[PDB]
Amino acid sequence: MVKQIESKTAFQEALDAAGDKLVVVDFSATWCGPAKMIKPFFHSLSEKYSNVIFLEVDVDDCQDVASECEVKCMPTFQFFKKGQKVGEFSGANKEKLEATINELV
């Protein structure tokens, strides 16, 4: 399951919430065709990989975290272990996303 997210302090939280567990973040957007298409696939993967923490951030809602994280486009996905990014890619590609998820757990 995927925690919607609305503040940088709410963001800090999850970075704690997950222990040693890798955490994937969809920086998404409402009006974006490709991010809308990938949302569902992002949701099911959260059902599968419950050893992993999924989160969403709306780039328009959190202009601030989007920037703290140099996000340029949507969907962009970023991966952390311990708190520090280890993965990240852009584009609505399910396969790449599972592939990266696995390939980083």
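Numbering starts at 1 and follows the sequence shown.
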Quick one: say whether 62 to 70 or 22 to 30 has the higher mean Cα B-factor in the deposited entry.
62 to 70
Highest mean C-alpha temperature factor of the two stretches 2 to 10 and 96 to 104, which is it?
2 to 10
Using the B-factor values recorded in the entry, state whether the Cα atom of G91 falls in the lowest, middle or highest third among the modelled residues of its chain.
lowest
With respect to C-alpha B-factor, does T76 fall in the lowest, middle or highest third of the chain as deposited?
lowest
